[PDB]
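Q:
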């Protein structure tokens, strides 16, 4: 009869980070669930980072564009730090167009019907002339962990940035003593996370518990084919249905598909039921493929 | 594992609707269609390619850009709309 | 994005009936320590029994 | 295959027995082509 | 395989161990002879030293078996001729 | 030109009665179309081959239609700019290529040019079969295959005999 | 003629 | 930057020659990743030669130790600058200081043996932030020499190739600017001569078609040395005078 | 006799990996040995993981005690930077920023700096705090530096512990390290002795011309010199066949090594020894004098 | 290539990168590929390992397995500077070298480099396993002193483990074995150095090759019982009853080699290194500015 943890209070003290609260816990389970959920949340959570950028007049990422005071490499770093939520897609392509003196903020992206920027004050670069304009296409996709560029581009105009698909930054649990509910030696687990805005905190703790309970789910020559078709316990008609196609061993029946046997009228309706009764033991007609006759255990000696 | 699992059971066409300027091609390819007062690619799909070829507002390179856009078969497929809206494009 | 590698215990290489050596493979990178630590603290700290 | 290594002086008959032809001219190679 | 200590306990020279195990591994690898201990997909070197540790192979037994399986071949040739 | 276009075509031992300009175009495609696949431009190809010089060129098509699919090879209202001179259905070519098409496969002629020479030999053997198309004829079998026997005949032509 | 080769040099010195 | 410096960083940065020190002070007019334009103040200015200075920065180019000697502009627009002041930071500089490496959160503790003698143990948070990711530049040269049976060919037109033999080259052998290559592709295609022999009476039609008269050739194309990736950023072609310039030159 | 020169500039981007050499500014070298995940790092009772875990035992023998004072003063600098980041992230007016920056710039004995922010006019102070929010730079001249009491008084201005040592939890076990450990910021340099410039391997490459032995170096695809002292170290064991193939089959004898390559790709594992060809070169060089060297029997 | 530590190794094996392993073992991989029947001519195999397909890494783990390599540090002065290991493949580009073996090579890890050599023929594989293996070189040939002495982190982990303090958690409680000594250290009920009567069973081999059990209660600490769980059978308890600096752990391994022979001394050297690294990690033994205590009497002496 262990007391079970239930989420009690989600104090969204700022826009990035929150303090979820688990109560009650028997003594010992505080540090266990704390370290466990911390390690799951830092390890593998679904983020929504960026993969490919295609600036228009840029061949390779080491060039410079006329009219922007940062290099193309610095634009790639500033786009690598982009904090973006997607809702109903695997990957998505965002479009950016901006012209005029001043910054190119992250709110200048033509947003689609489901993509949502969570920090629109994010600077990318600075345009610095009256007719000097950038026009880029950004590719944002789901993922898990850290997928760099060296592991995973076909034209020369694509630019691959690294992909840090990770929404959280800093997970800190602080166990502490629990009051009434009329029993002492109980604990409270208070987890202050640090999100970048792309993940709801109760959704984060729910996915972490689902991942951990999925991990504990781990513990919480055929003699019928070598024998003749006539040696089967069924009647002689069931054997003769297969034998009409010049088959003498059930291994030849296992070599051919059931669909290929059903495309021949030599087998009957009752022969199909007999074949189903024979295949219920799963020793024959399991959709296998042999060399011709022999398996390795069926060797010539 | 049974204890730790029992301690966790309380937890566990878009191309036609888009503007002509939003296309990946250059601004001239959009401006060739936009010279006939067209802002959405649905208006380009409402008119035939033969009707666009009978107007000199489009250029020779604009024809190649239109062919490159129609290679995806999302626009200029010879369709006819009511005016703007399909049934999926409904007002709500 | 949610479907990890899910393990199963490949062998229980045991000495006499009150001692064993249970392996687990394959686990996702960094999960060997969290399952070892969770099972270690639960077994070593809080089990039901009589003495 | 073989025992000890023997070292001794080289007689002019021994040096003519090593040899395969008198090297006369000092001209190394053609140098404008590839032939010697 | 980690240590070869008992393979020197049974052949005291520690240099004759290398000759006997090389002769044995050359008989097992190219000559196509079966190992006298059941393997675990070990290489022929470790199977040679594993036969040394059981004691069933050293230089005496190898000379006995080469003389007997040379006399067997020449006896088969002589009984085929005459 | 490379100051040699009236001599290599007229070799003319084995391909005189065979098409000379087509063999010139095929050798040009081997020296070109070999390991470049040109491009993904889904359009109708047309090679234009010369008999006198031997050299050739590669033209693209435009394929006059009343339809929109195959759009790089796709009407009459567009033919009105050509003053209606195009008719419905034609394969009227209106494009070409820029000096590339396998700026590769040069010296390698033991598999490319040898491959096209083998193709020309097969074509001429089928032309030899076209002059009789079937007849009472004898042969001498040379190879022993499974349930079929390969037969050699005169003028390098061959046959096979089926077991059934 | 020291290590493993001392048996080889025993053999060669014996067979002269 | 160094959090714990000695104040000697500005002497080593400014008194070297990697930063773009302002000559005459004034007001910045146009900042760009390529150039910086200073408008000279009137109390520092010559009467003639009206004068607004242009600093052409040195973008990505090769150093001697195969590092990447870059210059980044660190001034805003409309910003006043004084005489004797940094405008463009150089390699390993920041705002005119001297930033060689980076400053990181360190702890002194034995951690499970992985720092046994002198070793260092680094979190993945360091490599995720792309903060030691240094940029190197290698120069690969390919000369067109002059030998017997004739001169060489740079024209990608060569044999023994594959779609993978020249799918990144242009129509004249030299790789593109921007083509991200692997270890062992072809950058410059180069064919030389071998045997002279004579003309063959087999490829007659083909010899009329191309007009080529070699006909057999070898293969000596430049390749990326086995192991290194990269992105081709800059291609130079120098031509000894008299030789026909090809289309890419 | 050259027609045209083509020069191509590849631009590799080399990141970091186990095997590179990093070092501080005091002689604390080191090959980075394992690039851990984020979770395994020792964190403190705020939540932040430490980035690099050095080894303490290099300090009392290799007497560079300056790196620990640099570590404590770097933690003081970042404590002031964190307090500026806290006073600026809460969108506070310039008065409190002026107060705290003035207190962090006075802070000492008779010093040289003596700045005042009353002549910065409310817009430079915001931009100076925009530049100080990732830490506050501190100058420490060479032999007239910051003493211990000044580091303590600057660690007292931030709310850090006085001794410089925070108690740190563990990432694996999640339970506390006893006897609280030293954290701080050290300014570490990457050196250009990388590991994918030294690593090399050779099965069978090219061979030299005058003595039929493999070439030397890495750019030339070469093999490592099995030098003279290694020959002594294999004479010192009883390894005799290892040395025979180490200087006849693997190195010099050309018919021996082609027999070896056929025997290895056929599974044989056997050497036909022969003679080093460079010994025949020694015979030709001694024989090219008036000396008559031979091979008897 | 450049060396690095890798302390998970057993002392007969070293880490060797996959790229170096596929380059050094090209003919063995060619022979293995030609045996299976995947390819035909030699060219096909060289294209396969030039492309590095998905099937040659299983071929590589089947040519490595029992095939030693000669690691060699570049200034080899004595014979312990060429030692033969078994490879364990490394994702990486740096040779992982077992730490105890470093004191033989005079190899720190400040930028050092080592060469690997492959014994090709069969007599050379047997010489690498039977003469030059790293388990076989545990005594320096210049004298009788062991050369696999635990060098620096591990003696700090032991010296912090087997020590004592006059008051800790669990002072003077009594424990029924070393297993619950480690269980009291892990659960959080005692300290690593807290003096305690335990009941240990030391095996003294006083007969002619027969091990006689004697069990008794030693007034010892918690850490000495935890380190007694690793000591083999024949050594007496008084080898761990002291504080275990560096001379004491060297004569511990020396008495283990003189009594129990080679194989318990190899496995006990590895268990020493593992428990030293683990409790030095648990120790958190830093260095501070306050640790160097200035004498108050120093200024009056001056």
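Protein chains in written order, with the deposited numbering: chain F, 7 to 158, 165 to 232, 249 to 329; chain R, 221 to 232, 250 to 329; chain C, 5 to 55; chain Y, 16 to 51; chain X, 3 to 84; chain U, 1 to 74, 76 to 165; chain V, 1358 to 1373; chain W, 697 to 945; chain E, 1045 to 1341; chain G, 353 to 654. Positions of the beta carbon are idealized from the N, C-alpha and C atoms, including for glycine.
1. Decide yes or no for the touch test of the region 45-59 of chain U against the region 21-28 of chain U: beta carbon pairs closer than 8 Å, at least 3 of them.
2. Mind listing, in chain order, the continuous beta strand (DSSP E) runs of no fewer than 3 residues lying wholly within the region 572-639 of chain G?
3. Where do the ends of the alpha helix (DSSP H) carrying residue 32 of chain Y lie?
4. Among the residues of its own chain, which have a CB less than 7 Å from the CB of residue 48 of chain X, if the five just before and after it don't count?
5. Helix, strand or coil: how does DSSP classify residue 1314 of chain E here?
6. Could you check the C-alpha separation between residue 595 of chain G and residue 514 of chain G for me, to the nearest Å?
7. Grab me the residues of residue 1177 of chain E's own chain with a C-beta within less than 8 Å of its C-beta, minus the 5 sequence neighbours each way, in chain order.
8. In chain order, which beta strand (DSSP E) runs of at least 3 residues are fully inside the region 1188-1247 of chain E?
9. For the candidate residues F:46, F:188, F:19 and F:249, whose alpha-carbon lies nearest to that of residue 317 of chain F?
10. Report the start-end ranges of each alpha helix (DSSP H) in the region 384-409 of chain G that is 4 residues or longer and not cut off at the edges.
11. Leaving out five residues on either side along the sequence, give the residues of the same chain with a beta carbon under 6 Å from the beta carbon of residue 1250 of chain E.
12. So what's residue 71 of chain U in DSSP terms, helix, strand or just coil?
13. Just to check my reading of the structure: residue 1112 of chain E and residue 639 of chain G have Cβ atoms closer than 8 Å, yes? What is that Cβ distance to the nearest angstrom?
14. In chain B, which residues lie with their C-beta within 7 Å of the C-beta of residue 1089 of chain E?
15. Does the beta-carbon of residue 357 of chain G have 16 or more other beta-carbons within 10 angstroms, so that it is buried, or is it exposed?
16. Which residues in the same chain as residue 852 of chain W place their Cβ atom closer than 7 Å to its Cβ, once the five residues preceding and following it in sequence are excluded?
17. Against chain E, which members of the region 177-202 of chain F pass a CB distance test of less than 8 Å?
18. Does the distance from the CB of residue 94 of chain F to the CB of residue 120 of chain F come in under 8 Å?
19. Here's the rule: buried if 16 or more other CB atoms are within 10 angstroms of the residue's CB, otherwise exposed. What is residue 276 of chain R?
20. Rounded to whole angstroms, what's the CA-CA distance from residue 296 of chain R to residue 322 of chain R? Just pull it up for me.
21. Alpha carbon to alpha carbon, how far is residue 625 of chain G from residue 1105 of chain E?
22. Under the rule that 16 or more other beta-carbon atoms within 10 Å means buried, what is residue 1238 of chain E, buried or exposed?
23. Starting from residue 259 of chain R, find everything on chain F with Cβ-Cβ shorter than 8 Å and list it in chain order.
24. So that I know if they touch, is there some Cβ in chain F lying closer than 8 Å to that of residue 42 of chain C?
25. Starting from the beta carbon of residue 231 of chain F, find every residue of chain C whose beta carbon is closer than 7 Å, and list them in chain order.
26. Would you call residue 1307 of chain E buried or exposed, if buried means 16 or more other Cβ atoms sit within 10 Å of its Cβ?
27. Please report whether the beta-carbon of residue 800 of chain W lies at a distance below 8 Å from any beta-carbon of chain G.
28. Counting only Cβ pairs nearer than 9 Å, list the residues of chain U close to residue 308 of chain R.
29. Could you check what DSSP says for residue 731 of chain W in three-state terms: helix, strand or coil?
30. Please list, in chain order, all residues of the same chain as residue 386 of chain G whose beta carbon is under 7 Å from its beta carbon, the five residues on each side excluded.
31. Any beta carbon from chain R within less than 8 Å of residue 140 of chain F's own beta carbon?
32. For a test of the three-state rule: what should DSSP assign to residue 59 of chain U, helix, strand or coil?
33. Ignore the nearest five residues each way along the sequence and tell me which others in residue 621 of chain G's own chain have a CB closer than 7 Å to its CB.
34. If we call anything under 8 Å between Cβ atoms a contact, is residue 1123 of chain E one with residue 1230 of chain E?
35. Could you tell me which residues DSSP pairs with residue 764 of chain W in its beta bridges?
36. Using a C-beta cutoff of 8 Å, does residue 1246 of chain E count as contacting chain G?
A: In brief:
1. They touch, by the three-pair rule.
2. Segments of the beta strand (DSSP E) lying fully in the region 572-639 of chain G: there are none.
3. Note, residue 32 of chain Y: alpha helix (DSSP H), 27-33.
4. The answer, listed in chain order, is 3.
5. Taken through DSSP and simplified to helix, strand or coil, residue 1314 of chain E comes out as coil.
6. Residue 595 of chain G and residue 514 of chain G: Cα-Cα distance of roughly 5 Å.
7. 1125, 1128, 1129 and 1132.
8. Qualifying beta strand (DSSP E) stretches, in chain order: 1225-1234.
9. The alpha carbon of residue 317 of chain F has as its nearest neighbour, out of F:46, F:188, F:19 and F:249, the alpha carbon of F:249.
10. Fully enclosed alpha helix (DSSP H) runs of 4 or longer: 394-403.
11. Excluding the 5 residues flanking it on each side, residue 1250 of chain E has same chain C-beta neighbours closer than 6 Å at 1259, in chain order.
12. In the structure shown, residue 71 of chain U sits in a helix (DSSP, three-state: H, G or I).
13. Right, their Cβ atoms sit about 6 Å apart.
14. This model lacks chain B altogether, as its protein chains are F, R, C, Y, X, U, V, W, E and G.
15. Its Cβ being crowded by 16 or more others within 10 Å, residue 357 of chain G is buried.
16. So the list reads 862, 865, 867, 868, 869 and 885, once near-sequence residues are dropped.
17. Residues 182, 183, 184 and 186.
18. Closer than 8 Å, so yes.
19. Classification for residue 276 of chain R: exposed.
20. When rounded, the distance between both Cα atoms is 29 Å.
21. Looking at the two C-alpha atoms, the distance is approximately 21 Å.
22. Burial call: buried.
23. Going along chain F in sequence order, the residues near residue 259 of chain R (Cβ under 8 Å) are 101 and 116.
24. Any Cβ of chain F closer than 8 Å to the Cβ of residue 42 of chain C would place that residue at the interface, and such an atom is present.
25. Under the 7 Å cutoff, chain C gives 13.
26. Classification of residue 1307 of chain E: buried, given that the 10 Å Cβ count is 16 or more.
27. The beta-carbon of residue 800 of chain W is placed no less than 8 Å from the nearest beta-carbon of chain G.
28. 42, 71 and 72, listed in chain order.
29. It is a strand residue.
30. The beta carbon of residue 386 of chain G lies closer than 7 Å to those of 397 in the same chain, with the five residues before and after it left out.
31. Not closer than 8 Å to any Cβ of chain R, the Cβ of residue 140 of chain F fails to qualify, so no.
32. Strand, per DSSP.
33. Annotation for residue 621 of chain G: 363, 452, 500 and 605 place their beta carbon closer than 7 Å to its own, counting only its chain and skipping 5 residues before and after.
34. Cβ atoms of residue 1123 of chain E and residue 1230 of chain E: not closer than 8 Å.
35. Paired residue(s): W:758.
36. At least one chain G Cβ lies under 8 Å of residue 1246 of chain E.
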